[PDB]
Amino acid sequence: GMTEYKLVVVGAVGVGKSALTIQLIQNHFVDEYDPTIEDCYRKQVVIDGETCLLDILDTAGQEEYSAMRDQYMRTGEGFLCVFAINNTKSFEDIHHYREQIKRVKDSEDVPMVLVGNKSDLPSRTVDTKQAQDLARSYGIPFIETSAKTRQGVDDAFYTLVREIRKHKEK
Ligand SMILES: Nc1nc2c(ncn2[C@@H]2O[C@H](COP(=O)(O)OP(=O)(O)O)[C@@H](O)[C@H]2O)c(=O)[nH]1
Ligand SMILES: *SCc1nc2ccccc2[nH]1
Ligand SMILES: [Mg+2]
């Protein structure tokens, strides 16, 4: 089979995880999608000439059993850590997602990309500089996105695939 990249989208409720995923997969903006639904999605794409499958888990937070969270973290190869540029708490929450994923995978080298979503809104509490400072501390890419206009969306997911490739070649 063609290579499949297992991607996991994490972040506080309301940041745009579902909107980002649906924009990536279906090329439309869905402005109301139940915040409590956690589902997988698939898309066959070409990234730098490689035909591959994106197998994406759109997370929704707590699980019936914490074992289910640990399971998807171990299964996932790369993580989109999403905050919204108008939600400071969601930005602060990134520290917890970073820690938890590393903790479950028992790894210091987990492919991740920092994503600041809702860039189409002038209303902003997290400046680009602040997010750059955090991404610098982590040594991971940082991309501002709009699930509404599609700006940065392919970049966010394709960058995560590229980070996974860098991890695999070691
Ligand atoms: N303006 C704007 N609204 C967005 C964007 N992404 C998501 N939203 C809205 O933010 C709300 C939460 O989005 P959702 O995808 O359900 O967030 P999730 O809980 O992280 O899955 C919805 O009302 C979406 O329409 C975006 O990039 N721009
Ligand atoms: S629902 C199929 C599925 N489960 C996943 C876990 C982590 C990353 C991708 C996944 N797809
Ligand atoms: Mg959602």
Side-chain angles (χ1 to χ4, degrees), residues 1-85 90 93-94 96-98 100-102 104-105 107 109-120 135 138 140-168:
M2 66 177 72
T3 295
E4 306 185 5
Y5 295 101
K6 292 171 175 61
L7 312 182
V8 181
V9 185
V10 306
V13 68
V15 301
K17 300 181 298 293
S18 295
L20 280 168
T21 302
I22 295 168
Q23 187 58 272
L24 178 75
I25 302 285
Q26 303 176 7
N27 295 83
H28 64 101
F29 176 56
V30 175
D31 59 22
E32 195 153 318
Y33 187 80
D34 192 321
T36 70
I37 296 171
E38 174 167 291
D39 280 338
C40 306
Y41 295 82
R42 299 169 68 89
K43 195 185 184 187
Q44 182 177 309
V45 295
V46 184
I47 301 175
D48 312 314
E50 182 185 66
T51 297
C52 58
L53 176 85
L54 310 186
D55 172 9
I56 302 168
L57 178 61
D58 174 28
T59 71
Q62 302 287 338
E63 300 285 3
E64 190 191 357
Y65 300 108
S66 68
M68 291 162 69
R69 173 202 65 208
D70 296 353
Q71 178 78 13
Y72 76 65
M73 291 180 173
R74 294 197 182 93
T75 295
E77 296 172 272
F79 302 75
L80 274 203
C81 295
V82 186
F83 70 95
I85 65 159
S90 74
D93 289 347
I94 297 293
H96 166 66
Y97 292 111
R98 173 90 177 158
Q100 192 168 237
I101 292 160
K102 289 174 61 172
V104 170
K105 298 185 75 60
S107 175
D109 188 16
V110 182
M112 299 193 204
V113 171
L114 186 66
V115 173
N117 192 49
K118 311 198 185 179
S119 72
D120 57 284
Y138 290 166
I140 69 178
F142 164 58
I143 296 160
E144 288 196 354
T145 60
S146 175
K148 180 168 186 180
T149 70
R150 216 162 179 290
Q151 187 163 291
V153 173
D154 284 338
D155 189 24
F157 287 89
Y158 290 6
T159 293
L160 183 58
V161 169
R162 296 175 187 119
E163 291 294 282
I164 292 163
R165 294 172 179 162
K166 287 179 174 68
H167 177 67
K168 288 171 113 171

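Excluded from the calculations below are hydrogen atoms, water molecules and symmetry mates; all remaining heavy atoms, backbone and side chain alike, are included. Index from 1, following the sequence.
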(message) Let me confirm one number: the CG-CG distance from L80 to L160, rounded to the nearest 0.5 Å.
(response) 5.0 Å

(message) Quick one, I47 with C52, criterion side chain to side chain contact (heavy atoms under 4.5 Å, CB included). Give me CA distance, side-chain angles, the key distance, then yes/no.
(response) CA-CA 7 Å; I47 301 175; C52 58; 4.0 Å; yes

(request) Mind checking the CZ-OH spacing from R98 to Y138? Nearest 0.5 Å is all I need. (result) 6.0 Å

(message) Between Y5 and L54 (side chain of the first, backbone of the second, donor and acceptor by atom type, cut-off under 3.5 Å), is there such a pair?
(response) no

(message) If the condition is side chain to side chain donor-acceptor pair (under 3.5 Å), which residues does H28 pass it with, not counting sequence neighbours?
(response) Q26

(message) Checking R165 now: which residues fulfil salt bridge (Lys or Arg N to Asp or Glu O under 4.0 Å) with it, not counting sequence neighbours?
(response) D48, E50

(request) With sequence neighbours excluded, tell me which residues meet side chain to side chain contact (heavy atoms under 4.5 Å, CB included) with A19. (result) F29, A147

(request) Compare all side-chain heavy atoms of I85 with those of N117 and state whether any distance is below 4.5 angstrom. (result) no

(message) Do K168 and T3 have side chains that approach each other closer than 4.5 Å (heavy atoms only, starting at C-beta)?
(response) yes

(message) As an exercise, state the distance from CE of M73 to OG of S66, rounded to the nearest 0.5 Å.
(response) 10.5 Å

(request) Return the set of residues passing side chain to side chain contact (heavy atoms under 4.5 Å, CB included) with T36 (not counting sequence neighbours), or none when no residue passes. (result) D34

(message) What I'd like to find out is whether the side chain of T21 reaches to under 4.5 Å of the side chain of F157, using heavy atoms alone.
(response) yes

(message) Can you give me the closest heavy-atom contact between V8 and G76, atom names plus distance?
(response) CG2-CA, 3.9 Å

(message) If you define the side chain from C-beta out and look only at heavy atoms, does anything of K43 sit under 4.5 Å from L53?
(response) no

(request) Indicate yes or no for a side-chain donor-acceptor contact from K118 to the backbone of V15 under 3.5 Å, with no hydrogens or angles considered. (result) no

(request) For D70, check salt bridge (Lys or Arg N to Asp or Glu O under 4.0 Å) against everything at least two apart and list the hits. (result) none

(request) Taking the side chain as every heavy atom from C-beta outward, state whether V153 and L20 have any atom pair closer than 4.5 Å. (result) yes

(request) Starting at CD1 of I56, measure out to SG of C40 and round the result to the nearest 0.5 Å. (result) 10.0 Å

(request) Apply side chain to side chain contact (heavy atoms under 4.5 Å, CB included) to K105 and list each qualifying residue two or more places apart in sequence or on a separate chain. (result) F79, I101, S107, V110

(message) Less than 4.5 Å apart, side chain to side chain, heavy atoms only: is that true for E38 and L57?
(response) yes

(message) Is it the case that over 12 heavy atoms from other parts of the model lie below 6.0 angstrom from the CD atom of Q151?
(response) no

(message) Run the side chain to side chain donor-acceptor pair (under 3.5 Å) test on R69 and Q62 for me, step by step, so that the C-alpha distance in whole Å, both residues' side-chain angles and the decisive distance to 0.1 Å come before the verdict.
(response) CA-CA 8 Å; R69 173 202 65 208; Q62 302 287 338; 5.4 Å; no

(message) List the residues meeting side chain to side chain donor-acceptor pair (under 3.5 Å) with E144, not counting sequence neighbours, and say none if there are none.
(response) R124, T128

(message) Side chains of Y41 and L24, heavy atoms from C-beta outward: is any pair under 4.5 Å?
(response) no

(message) Suppose we screen for side chain to side chain donor-acceptor pair (under 3.5 Å). Which residues come up paired with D55, at least two apart in sequence or across chains?
(response) none

(request) Check whether any side-chain N or O of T59 sits under 3.5 Å from a backbone N or O of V9 as a donor-acceptor pair, and report yes or no. (result) yes

(request) Mind checking side chain to side chain donor-acceptor pair (under 3.5 Å) for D31 and listing every partner two or more places apart, or none if nothing turns up? (result) none

(request) First locate atom SG of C81, then atom CZ of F142, and finally report the distance between them rounded to the nearest 0.5 Å. (result) 12.5 Å

(request) Using the test salt bridge (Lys or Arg N to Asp or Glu O under 4.0 Å), find all partners of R150 that sit at least two apart in sequence or belong to another chain. (result) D154

(message) In the structure I gave you, are the side-chain heavy atoms of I164 and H167 within less than 4.5 Å of one another anywhere?
(response) no

(request) List the atom of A84, the atom of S90, and the distance in Å for their closest heavy-atom pair. (result) N-OG, 3.0 Å

(request) For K102, look at atom NZ and say whether over 12 heavy atoms of other residues, nucleotides or ligands are found less than 6.0 Å away. (result) yes

(request) Quick one: do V113 and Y158 satisfy side chain to side chain contact (heavy atoms under 4.5 Å, CB included)? Show the steps, please. (result) CA-CA 10 Å; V113 171; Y158 290 6; over 6 Å; no

(request) With sequence neighbours left out, write down each residue that passes ring pair (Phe, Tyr, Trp, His ring centres under 6.0 Å) with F83, or none if nothing qualifies. (result) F91

(request) Give the minimum heavy-atom separation between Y97 and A12, together with the two atoms involved. (result) OH-N, 3.4 Å

(request) Please collect all salt bridge (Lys or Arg N to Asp or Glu O under 4.0 Å) contacts where either partner lies in residues 4-28, sequence neighbours excluded, each pair once. (result) none

(request) Return the minimal non-hydrogen interatomic distance between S146 and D120, and the atom names on each side. (result) OG-OD1, 2.6 Å

(message) Can you give me the closest heavy-atom contact between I143 and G152, atom names plus distance?
(response) CG2-O, 3.9 Å

